[PDB]
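> Okay, so here is query_34.txt, and as you'll see once you scroll down, it has compact mmCIF, C-alpha atoms and all ligand atoms.
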```
# COMPACT_ATOMS: atom_id res chain seq x y z
CA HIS A 26 -200.11 -27.02 24.08
CA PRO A 27 -196.82 -27.46 26.04
CA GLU A 28 -195.05 -28.84 22.95
CA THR A 29 -195.77 -25.64 21.02
CA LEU A 30 -194.09 -23.60 23.78
CA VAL A 31 -191.09 -25.90 23.68
CA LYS A 32 -190.91 -24.93 19.99
CA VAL A 33 -191.06 -21.24 20.90
CA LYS A 34 -188.39 -21.90 23.51
CA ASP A 35 -186.62 -23.83 20.74
CA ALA A 36 -186.87 -20.93 18.31
CA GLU A 37 -185.81 -18.37 20.89
CA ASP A 38 -182.66 -20.34 21.80
CA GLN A 39 -181.78 -21.10 18.18
CA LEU A 40 -182.38 -17.57 16.90
CA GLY A 41 -180.88 -16.03 20.04
CA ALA A 42 -183.69 -13.50 20.17
CA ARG A 43 -187.00 -12.68 21.85
CA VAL A 44 -190.10 -14.50 20.61
CA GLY A 45 -193.68 -13.70 21.63
CA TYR A 46 -196.56 -16.11 21.06
CA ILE A 47 -200.34 -16.17 21.54
CA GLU A 48 -202.98 -18.82 20.94
CA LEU A 49 -206.47 -17.39 21.29
CA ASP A 50 -209.80 -19.20 20.98
CA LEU A 51 -211.93 -17.20 18.53
CA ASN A 52 -215.17 -18.42 20.10
CA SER A 53 -214.73 -18.09 23.87
CA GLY A 54 -212.01 -15.46 23.52
CA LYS A 55 -209.89 -17.24 26.11
CA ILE A 56 -206.10 -17.40 25.93
CA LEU A 57 -205.18 -21.01 25.17
CA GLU A 58 -201.41 -20.61 25.24
CA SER A 59 -198.93 -17.79 25.85
CA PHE A 60 -195.26 -16.82 25.81
CA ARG A 61 -193.86 -13.33 26.53
CA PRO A 62 -197.39 -12.01 25.93
CA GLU A 63 -196.77 -8.61 27.53
CA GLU A 64 -193.45 -7.71 25.89
CA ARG A 65 -193.19 -5.25 23.02
CA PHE A 66 -192.33 -6.25 19.46
CA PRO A 67 -192.12 -4.17 16.26
CA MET A 68 -195.35 -4.53 14.26
CA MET A 69 -193.82 -4.08 10.81
CA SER A 70 -196.35 -4.84 8.08
CA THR A 71 -198.72 -6.52 10.55
CA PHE A 72 -200.03 -3.01 11.31
CA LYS A 73 -201.65 -2.78 7.89
CA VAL A 74 -204.57 -4.93 9.09
CA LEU A 75 -205.29 -2.42 11.84
CA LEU A 76 -204.86 0.42 9.37
CA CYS A 77 -207.54 -0.99 7.08
CA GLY A 78 -209.73 -1.72 10.09
CA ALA A 79 -209.57 2.01 10.82
CA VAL A 80 -210.25 2.83 7.17
CA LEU A 81 -213.22 0.46 7.22
CA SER A 82 -214.50 2.06 10.42
CA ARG A 83 -214.49 5.36 8.55
CA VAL A 84 -216.28 3.65 5.66
CA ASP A 85 -218.93 2.38 8.09
CA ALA A 86 -219.44 5.94 9.32
CA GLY A 87 -219.66 7.46 5.84
CA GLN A 88 -216.39 9.34 6.31
CA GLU A 89 -214.87 7.15 3.62
CA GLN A 90 -215.97 5.26 0.51
CA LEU A 91 -214.28 2.06 -0.71
CA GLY A 92 -214.74 3.16 -4.32
CA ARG A 93 -213.17 6.58 -3.86
CA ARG A 94 -210.16 6.97 -6.17
CA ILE A 95 -206.79 8.24 -4.93
CA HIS A 96 -204.17 9.69 -7.29
CA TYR A 97 -200.51 10.11 -6.37
CA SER A 98 -197.08 10.98 -7.74
CA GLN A 99 -193.86 9.01 -8.24
CA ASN A 100 -192.23 10.97 -5.41
CA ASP A 101 -194.75 9.44 -3.02
CA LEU A 102 -193.41 6.00 -3.94
CA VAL A 103 -191.19 4.43 -1.28
CA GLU A 104 -189.42 1.17 -1.16
CA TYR A 105 -191.28 -2.00 -2.08
CA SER A 106 -194.37 -0.86 -3.84
CA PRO A 107 -195.37 -3.74 -6.16
CA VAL A 108 -198.90 -2.54 -6.94
CA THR A 109 -198.92 1.22 -6.39
CA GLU A 110 -195.94 1.74 -8.72
CA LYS A 111 -198.08 0.50 -11.60
CA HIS A 112 -200.96 2.98 -11.23
CA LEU A 113 -199.31 6.41 -11.28
CA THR A 114 -201.61 7.58 -14.07
CA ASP A 115 -205.00 6.09 -13.20
CA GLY A 116 -204.60 6.06 -9.42
CA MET A 117 -206.17 3.48 -7.12
CA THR A 118 -209.36 3.12 -5.11
CA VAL A 119 -209.30 2.82 -1.32
CA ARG A 120 -210.39 -0.80 -1.78
CA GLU A 121 -207.47 -1.44 -4.14
CA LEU A 122 -205.05 0.20 -1.72
CA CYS A 123 -206.12 -1.95 1.23
CA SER A 124 -205.92 -4.99 -1.04
CA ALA A 125 -202.33 -4.07 -1.95
CA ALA A 126 -201.45 -3.15 1.64
CA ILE A 127 -202.70 -6.44 3.09
CA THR A 128 -202.19 -9.04 0.34
CA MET A 129 -198.89 -7.67 -1.01
CA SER A 130 -197.65 -5.52 1.90
CA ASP A 131 -197.42 -2.55 -0.50
CA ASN A 132 -195.67 0.24 1.42
CA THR A 133 -196.83 3.26 -0.58
CA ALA A 134 -200.36 1.87 -0.31
CA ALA A 135 -199.99 1.94 3.48
CA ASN A 136 -198.79 5.55 3.63
CA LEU A 137 -201.57 6.75 1.33
CA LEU A 138 -204.17 5.01 3.49
CA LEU A 139 -202.49 6.51 6.58
CA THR A 140 -202.99 9.96 5.05
CA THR A 141 -206.73 9.30 4.61
CA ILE A 142 -207.24 8.58 8.32
CA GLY A 143 -204.90 11.34 9.51
CA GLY A 144 -201.57 9.60 10.09
CA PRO A 145 -200.06 7.19 12.66
CA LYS A 146 -201.31 9.27 15.60
CA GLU A 147 -204.85 8.98 14.24
CA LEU A 148 -204.43 5.22 13.88
CA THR A 149 -203.17 5.05 17.47
CA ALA A 150 -206.21 7.09 18.54
CA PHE A 151 -208.39 4.56 16.72
CA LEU A 152 -206.78 1.65 18.55
CA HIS A 153 -207.07 3.53 21.85
CA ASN A 154 -210.83 3.93 21.41
CA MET A 155 -210.98 0.18 20.80
CA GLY A 156 -209.60 -0.82 24.18
CA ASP A 157 -206.02 -1.16 23.01
CA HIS A 158 -203.90 1.31 24.99
CA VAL A 159 -200.69 -0.60 24.34
CA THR A 160 -200.27 -0.78 20.56
CA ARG A 161 -198.84 2.39 19.04
CA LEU A 162 -197.84 3.59 15.57
CA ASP A 163 -195.40 6.49 15.35
CA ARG A 164 -193.72 6.48 11.95
CA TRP A 165 -194.54 5.90 8.29
CA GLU A 166 -193.24 3.36 5.80
CA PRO A 167 -190.51 2.43 5.58
CA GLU A 168 -189.12 3.98 8.78
CA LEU A 169 -191.49 1.99 10.98
CA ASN A 170 -189.36 -1.12 10.38
CA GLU A 171 -186.21 0.22 12.05
CA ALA A 172 -186.84 -2.06 15.05
CA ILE A 173 -184.38 -0.35 17.39
CA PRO A 174 -184.12 -2.55 20.51
CA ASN A 175 -186.31 -1.34 23.40
CA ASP A 176 -187.72 1.35 21.11
CA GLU A 177 -191.43 1.44 21.87
CA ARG A 178 -192.33 3.24 18.65
CA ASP A 179 -194.31 1.22 16.11
CA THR A 180 -194.62 -1.71 18.53
CA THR A 181 -197.33 -3.92 20.00
CA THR A 182 -197.49 -6.81 22.46
CA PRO A 183 -198.57 -10.34 21.45
CA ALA A 184 -201.53 -10.07 23.84
CA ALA A 185 -202.63 -6.62 22.72
CA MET A 186 -202.45 -7.57 19.04
CA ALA A 187 -204.33 -10.88 19.41
CA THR A 188 -207.11 -9.16 21.36
CA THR A 189 -207.28 -6.24 18.92
CA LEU A 190 -207.38 -8.63 15.96
CA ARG A 191 -210.21 -10.60 17.57
CA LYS A 192 -212.29 -7.46 18.09
CA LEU A 193 -211.62 -6.31 14.53
CA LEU A 194 -212.60 -9.73 13.21
CA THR A 195 -215.33 -10.91 15.58
CA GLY A 196 -216.44 -7.83 17.51
CA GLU A 197 -219.16 -5.33 17.21
CA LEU A 198 -217.20 -2.31 16.14
CA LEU A 199 -217.00 -2.79 12.40
CA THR A 200 -220.15 -3.76 10.54
CA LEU A 201 -220.63 -7.35 9.40
CA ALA A 202 -219.73 -6.30 5.84
CA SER A 203 -216.48 -4.59 6.84
CA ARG A 204 -215.47 -7.58 8.95
CA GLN A 205 -215.97 -9.96 6.06
CA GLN A 206 -213.93 -7.62 3.87
CA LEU A 207 -210.97 -7.34 6.24
CA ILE A 208 -210.75 -11.11 6.63
CA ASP A 209 -211.18 -11.59 2.88
CA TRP A 210 -208.07 -9.47 2.33
CA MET A 211 -206.16 -11.47 4.94
CA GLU A 212 -207.29 -14.73 3.35
CA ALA A 213 -205.90 -13.64 -0.03
CA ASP A 214 -202.49 -12.77 1.46
CA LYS A 215 -199.80 -13.38 -1.19
CA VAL A 216 -196.69 -12.78 0.91
CA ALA A 217 -196.90 -15.21 3.84
CA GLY A 218 -196.21 -18.44 1.96
CA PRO A 219 -193.29 -19.96 3.89
CA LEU A 220 -194.76 -19.25 7.33
CA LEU A 221 -197.96 -20.57 8.91
CA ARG A 222 -199.45 -21.67 5.59
CA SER A 223 -196.55 -24.07 4.98
CA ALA A 224 -197.52 -26.22 7.96
CA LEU A 225 -201.24 -26.03 7.25
CA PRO A 226 -203.28 -29.08 6.11
CA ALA A 227 -205.57 -29.13 3.07
CA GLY A 228 -209.13 -27.99 3.76
CA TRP A 229 -208.08 -25.65 6.55
CA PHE A 230 -209.01 -21.97 6.59
CA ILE A 231 -206.36 -19.33 7.08
CA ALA A 232 -206.35 -15.54 6.94
CA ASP A 233 -203.13 -13.80 7.87
CA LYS A 234 -200.66 -10.94 7.62
CA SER A 235 -196.90 -11.24 8.08
CA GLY A 236 -194.18 -8.71 8.79
CA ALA A 237 -190.43 -8.28 8.43
CA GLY A 238 -188.06 -5.42 9.19
CA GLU A 240 -184.63 -4.52 10.56
CA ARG A 241 -182.60 -6.28 13.27
CA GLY A 242 -184.04 -9.76 12.80
CA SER A 243 -187.66 -8.70 13.15
CA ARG A 244 -190.27 -11.12 11.81
CA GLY A 245 -193.89 -11.80 12.66
CA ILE A 246 -197.32 -13.05 11.73
CA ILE A 247 -200.90 -12.61 12.86
CA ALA A 248 -203.51 -15.10 11.73
CA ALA A 249 -207.04 -16.40 12.10
CA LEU A 250 -207.13 -20.07 11.11
CA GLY A 251 -209.03 -23.31 11.62
CA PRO A 252 -210.09 -26.61 10.03
CA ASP A 254 -213.13 -27.46 7.88
CA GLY A 255 -212.87 -24.17 5.99
CA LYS A 256 -213.73 -22.11 9.08
CA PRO A 257 -211.46 -20.11 11.41
CA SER A 258 -211.52 -21.02 15.12
CA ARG A 259 -208.35 -19.54 16.63
CA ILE A 260 -206.23 -16.43 16.36
CA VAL A 261 -202.45 -16.92 16.60
CA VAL A 262 -199.84 -14.20 17.01
CA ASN A 263 -196.05 -14.65 16.77
CA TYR A 264 -193.30 -12.08 16.73
CA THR A 265 -189.52 -12.11 16.98
CA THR A 266 -186.85 -9.39 16.97
CA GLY A 267 -183.12 -8.94 17.57
CA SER A 268 -181.75 -12.02 15.81
CA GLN A 269 -178.89 -11.87 13.32
CA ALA A 270 -180.39 -14.91 11.59
CA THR A 271 -181.41 -14.82 7.92
CA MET A 272 -185.02 -14.30 6.86
CA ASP A 273 -184.95 -17.94 5.76
CA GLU A 274 -184.24 -19.30 9.24
CA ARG A 275 -186.77 -16.89 10.71
CA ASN A 276 -189.41 -18.28 8.33
CA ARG A 277 -188.54 -21.87 9.17
CA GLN A 278 -188.81 -21.18 12.91
CA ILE A 279 -192.27 -19.62 12.65
CA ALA A 280 -193.27 -22.52 10.41
CA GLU A 281 -192.11 -25.16 12.92
CA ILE A 282 -194.04 -23.57 15.82
CA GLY A 283 -196.94 -23.57 13.39
CA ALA A 284 -196.44 -27.28 12.73
CA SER A 285 -196.70 -28.00 16.46
CA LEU A 286 -199.77 -25.75 16.76
CA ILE A 287 -201.45 -27.69 13.95
CA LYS A 288 -200.38 -31.09 15.28
CA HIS A 289 -201.77 -30.15 18.69
CA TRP A 290 -205.14 -28.67 17.79
XE XE B 301 -189.64 -16.82 15.70
XE XE B 302 -196.71 -19.10 14.29
```
Please express what this file holds, its structure, as structure tokens.

Amino acid sequence: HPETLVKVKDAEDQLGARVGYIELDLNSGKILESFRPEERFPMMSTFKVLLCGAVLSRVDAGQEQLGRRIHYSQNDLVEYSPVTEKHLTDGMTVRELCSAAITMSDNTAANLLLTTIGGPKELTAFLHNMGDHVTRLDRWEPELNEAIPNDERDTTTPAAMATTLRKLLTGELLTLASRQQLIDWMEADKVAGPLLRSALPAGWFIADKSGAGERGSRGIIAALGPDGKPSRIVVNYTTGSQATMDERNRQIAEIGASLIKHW
């Protein structure tokens, strides 16, 4: 809806920074609404959904098991590792690592999962063989959040991400079980509170994954809808602003309020 794009134009002018935005119908797959859809934005933690999609593709093929246990050392711990820091002795299963990566944005969980699939280049190869030849991962956590302006490393476009998310969620690649698992993780996201969820009515379904990094970078990808069922995928990034994380949150939330109002 036009009013939602005013809000994106609002946010962009207020934050003084680029903002990309996609509304995508989950059923027909048709773009409902767009803004800077072909510009690149840092993915930040929003990559962890694609990472687990790749892990789950390996699980589907028997190259990986969700119950396999991974042990690690304290030296492998990087910044912000709420769950993985607590299991140095007993390790974690691949399922537990994807749960921590998606629901809590656990950084060490991401790197460990990246090692299982063969690194960022292997994740980019996965996305490439999915029809996404735009999205790329180059670095590990936490260096992938550097968000250097015009740096194409660790970036995606709003249109590439929304399409990739739709295929991961409602495509034919992953098995029906792996698709339900990936969205289950997104639905139990514990670190996206003040964003899209804040403008969301009771009874609505939402599964998401947010990101934040350097140089005013903030974002969110989400599959949401009323009556307990998802019906649209929405993508929103921003980068460059000197604004606080609080004002970034409140901008994404306002655009979300207009999206909801105009459903
Ligand atoms: Xe934004
Ligand atoms: Xe949003």
> Quick one: residues within 9 Å of residue A:269, only C-alpha atoms, excluding same-chain residues fewer than 6 positions away - as a PyMOL selection string?
chain A and resi 40-42+241-242
> As a list in words, please: every protein or nucleic acid residue near ligand XE 302 (chain B) (cut-off 6 Å, counting all atoms listed in the file).
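These are the residues that qualify: residues 221, 263, 279, 282 and 283 of chain A.
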> Considering all atoms listed in the file, return as a list in words whatever protein or nucleic-acid residues lie within 7 Å of residue A:161, sequence-local ones (same chain, fewer than 5 positions apart) excluded.
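Contacts, in chain order: residues 149, 178, 179, 180 and 181 of chain A.
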> From the options A:280, A:159, A:126, A:213, which residue's atoms come nearest to ligand XE 301 (chain B), counting only C-alpha atoms and all ligand atoms?
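Selected residue with least distance to ligand XE 301 (chain B): A:280.
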> For each of A:166, A:281, A:48, A:233, take the minimum atom-to-atom distance to ligand XE 301 (chain B), counting all atoms listed in the file, then give the residue where this is smallest.
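When distances to ligand XE 301 (chain B) are compared using all atoms listed in the file, the smallest one comes from A:281.
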> Compile a residue-level contact table for chain A against ligand XE 301 (chain B) at a cut-off of 8 Å, reporting for every qualifying residue the shortest atom pair and its distance in Å to one decimal, with only C-alpha atoms and all ligand atoms counted, rows ordered by chain and ascending number, as JSON lines.

```
{"residue": "A:33", "atom": "CA", "partner": "B:XE301", "partner_atom": "XE", "distance": 7.0}
{"residue": "A:36", "atom": "CA", "partner": "B:XE301", "partner_atom": "XE", "distance": 5.6}
{"residue": "A:37", "atom": "CA", "partner": "B:XE301", "partner_atom": "XE", "distance": 6.6}
{"residue": "A:40", "atom": "CA", "partner": "B:XE301", "partner_atom": "XE", "distance": 7.4}
{"residue": "A:43", "atom": "CA", "partner": "B:XE301", "partner_atom": "XE", "distance": 7.9}
{"residue": "A:44", "atom": "CA", "partner": "B:XE301", "partner_atom": "XE", "distance": 5.4}
{"residue": "A:45", "atom": "CA", "partner": "B:XE301", "partner_atom": "XE", "distance": 7.8}
{"residue": "A:244", "atom": "CA", "partner": "B:XE301", "partner_atom": "XE", "distance": 6.9}
{"residue": "A:245", "atom": "CA", "partner": "B:XE301", "partner_atom": "XE", "distance": 7.2}
{"residue": "A:263", "atom": "CA", "partner": "B:XE301", "partner_atom": "XE", "distance": 6.9}
{"residue": "A:264", "atom": "CA", "partner": "B:XE301", "partner_atom": "XE", "distance": 6.1}
{"residue": "A:265", "atom": "CA", "partner": "B:XE301", "partner_atom": "XE", "distance": 4.9}
{"residue": "A:275", "atom": "CA", "partner": "B:XE301", "partner_atom": "XE", "distance": 5.8}
{"residue": "A:276", "atom": "CA", "partner": "B:XE301", "partner_atom": "XE", "distance": 7.5}
{"residue": "A:278", "atom": "CA", "partner": "B:XE301", "partner_atom": "XE", "distance": 5.2}
{"residue": "A:279", "atom": "CA", "partner": "B:XE301", "partner_atom": "XE", "distance": 4.9}
```
> So that I can check the surroundings of stretch 65-79 of chain A, please list as a PDB file with C-alpha atoms, in the coordinates of the input every protein, DNA and RNA residue that reaches within 6 Å of it, counting only C-alpha atoms and ignoring chain neighbours fewer than 3 positions away.

```pdb
ATOM      1  CA  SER A  82    -214.500   2.060  10.420  1.00  0.00           C
ATOM      2  CA  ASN A 170    -189.360  -1.120  10.380  1.00  0.00           C
ATOM      3  CA  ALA A 172    -186.840  -2.060  15.050  1.00  0.00           C
ATOM      4  CA  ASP A 179    -194.310   1.220  16.110  1.00  0.00           C
ATOM      5  CA  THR A 180    -194.620  -1.710  18.530  1.00  0.00           C
ATOM      6  CA  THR A 181    -197.330  -3.920  20.000  1.00  0.00           C
ATOM      7  CA  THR A 182    -197.490  -6.810  22.460  1.00  0.00           C
ATOM      8  CA  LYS A 234    -200.660 -10.940   7.620  1.00  0.00           C
ATOM      9  CA  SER A 235    -196.900 -11.240   8.080  1.00  0.00           C
ATOM     10  CA  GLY A 236    -194.180  -8.710   8.790  1.00  0.00           C
ATOM     11  CA  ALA A 237    -190.430  -8.280   8.430  1.00  0.00           C
TER      12      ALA A 237
END
```
> Some atoms are missing, so please complete stretch 103-125 of chain A with N, CA and C atoms and return it as a PDB file, in the frame of the given file.

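Here's the written file rebuild-v3.pdb:
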```pdb
ATOM      1  N   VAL A 103    -192.308   4.803  -2.140  1.00  0.00           N
ATOM      2  CA  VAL A 103    -191.190   4.430  -1.280  1.00  0.00           C
ATOM      3  C   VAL A 103    -190.728   3.018  -1.606  1.00  0.00           C
ATOM      4  N   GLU A 104    -189.848   2.434  -0.851  1.00  0.00           N
ATOM      5  CA  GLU A 104    -189.420   1.170  -1.160  1.00  0.00           C
ATOM      6  C   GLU A 104    -190.502   0.131  -1.108  1.00  0.00           C
ATOM      7  N   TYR A 105    -190.359  -0.897  -1.930  1.00  0.00           N
ATOM      8  CA  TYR A 105    -191.280  -2.000  -2.080  1.00  0.00           C
ATOM      9  C   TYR A 105    -192.713  -1.634  -2.305  1.00  0.00           C
ATOM     10  N   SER A 106    -193.004  -1.260  -3.520  1.00  0.00           N
ATOM     11  CA  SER A 106    -194.370  -0.860  -3.840  1.00  0.00           C
ATOM     12  C   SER A 106    -194.835  -1.567  -5.107  1.00  0.00           C
ATOM     13  N   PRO A 107    -195.065  -2.886  -5.005  1.00  0.00           N
ATOM     14  CA  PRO A 107    -195.370  -3.740  -6.160  1.00  0.00           C
ATOM     15  C   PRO A 107    -196.610  -3.333  -6.940  1.00  0.00           C
ATOM     16  N   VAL A 108    -197.648  -2.864  -6.257  1.00  0.00           N
ATOM     17  CA  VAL A 108    -198.900  -2.540  -6.940  1.00  0.00           C
ATOM     18  C   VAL A 108    -199.032  -1.051  -7.232  1.00  0.00           C
ATOM     19  N   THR A 109    -198.729  -0.219  -6.244  1.00  0.00           N
ATOM     20  CA  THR A 109    -198.920   1.220  -6.390  1.00  0.00           C
ATOM     21  C   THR A 109    -197.995   1.856  -7.430  1.00  0.00           C
ATOM     22  N   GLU A 110    -196.883   1.199  -7.740  1.00  0.00           N
ATOM     23  CA  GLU A 110    -195.940   1.740  -8.720  1.00  0.00           C
ATOM     24  C   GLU A 110    -196.498   1.630 -10.135  1.00  0.00           C
ATOM     25  N   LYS A 111    -197.536   0.816 -10.288  1.00  0.00           N
ATOM     26  CA  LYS A 111    -198.080   0.500 -11.600  1.00  0.00           C
ATOM     27  C   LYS A 111    -199.313   1.338 -11.946  1.00  0.00           C
ATOM     28  N   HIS A 112    -199.750   2.186 -11.018  1.00  0.00           N
ATOM     29  CA  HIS A 112    -200.960   2.980 -11.230  1.00  0.00           C
ATOM     30  C   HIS A 112    -200.750   4.470 -11.004  1.00  0.00           C
ATOM     31  N   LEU A 113    -199.615   4.992 -11.453  1.00  0.00           N
ATOM     32  CA  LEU A 113    -199.310   6.410 -11.280  1.00  0.00           C
ATOM     33  C   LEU A 113    -200.281   7.294 -12.057  1.00  0.00           C
ATOM     34  N   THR A 114    -200.746   6.798 -13.199  1.00  0.00           N
ATOM     35  CA  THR A 114    -201.610   7.580 -14.070  1.00  0.00           C
ATOM     36  C   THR A 114    -203.082   7.500 -13.685  1.00  0.00           C
ATOM     37  N   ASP A 115    -203.573   6.289 -13.442  1.00  0.00           N
ATOM     38  CA  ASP A 115    -205.000   6.090 -13.200  1.00  0.00           C
ATOM     39  C   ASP A 115    -205.370   6.085 -11.721  1.00  0.00           C
ATOM     40  N   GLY A 116    -204.365   6.089 -10.851  1.00  0.00           N
ATOM     41  CA  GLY A 116    -204.600   6.060  -9.420  1.00  0.00           C
ATOM     42  C   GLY A 116    -205.206   4.753  -8.952  1.00  0.00           C
ATOM     43  N   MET A 117    -205.556   4.681  -7.672  1.00  0.00           N
ATOM     44  CA  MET A 117    -206.170   3.480  -7.120  1.00  0.00           C
ATOM     45  C   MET A 117    -207.322   3.836  -6.192  1.00  0.00           C
ATOM     46  N   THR A 118    -208.274   2.922  -6.055  1.00  0.00           N
ATOM     47  CA  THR A 118    -209.360   3.120  -5.110  1.00  0.00           C
ATOM     48  C   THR A 118    -208.903   2.716  -3.719  1.00  0.00           C
ATOM     49  N   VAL A 119    -209.628   3.165  -2.702  1.00  0.00           N
ATOM     50  CA  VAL A 119    -209.300   2.820  -1.320  1.00  0.00           C
ATOM     51  C   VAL A 119    -209.336   1.307  -1.128  1.00  0.00           C
ATOM     52  N   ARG A 120    -210.277   0.651  -1.800  1.00  0.00           N
ATOM     53  CA  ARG A 120    -210.390  -0.800  -1.780  1.00  0.00           C
ATOM     54  C   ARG A 120    -209.136  -1.465  -2.351  1.00  0.00           C
ATOM     55  N   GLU A 121    -208.659  -0.925  -3.467  1.00  0.00           N
ATOM     56  CA  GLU A 121    -207.470  -1.440  -4.140  1.00  0.00           C
ATOM     57  C   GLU A 121    -206.212  -1.212  -3.315  1.00  0.00           C
ATOM     58  N   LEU A 122    -206.191  -0.118  -2.564  1.00  0.00           N
ATOM     59  CA  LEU A 122    -205.050   0.200  -1.720  1.00  0.00           C
ATOM     60  C   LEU A 122    -204.968  -0.722  -0.506  1.00  0.00           C
ATOM     61  N   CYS A 123    -206.108  -1.016   0.115  1.00  0.00           N
ATOM     62  CA  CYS A 123    -206.120  -1.950   1.230  1.00  0.00           C
ATOM     63  C   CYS A 123    -205.796  -3.372   0.769  1.00  0.00           C
ATOM     64  N   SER A 124    -206.222  -3.700  -0.446  1.00  0.00           N
ATOM     65  CA  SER A 124    -205.920  -4.990  -1.040  1.00  0.00           C
ATOM     66  C   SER A 124    -204.407  -5.137  -1.238  1.00  0.00           C
ATOM     67  N   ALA A 125    -203.773  -4.076  -1.729  1.00  0.00           N
ATOM     68  CA  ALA A 125    -202.330  -4.070  -1.950  1.00  0.00           C
ATOM     69  C   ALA A 125    -201.564  -4.024  -0.635  1.00  0.00           C
TER      70      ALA A 125
END
```
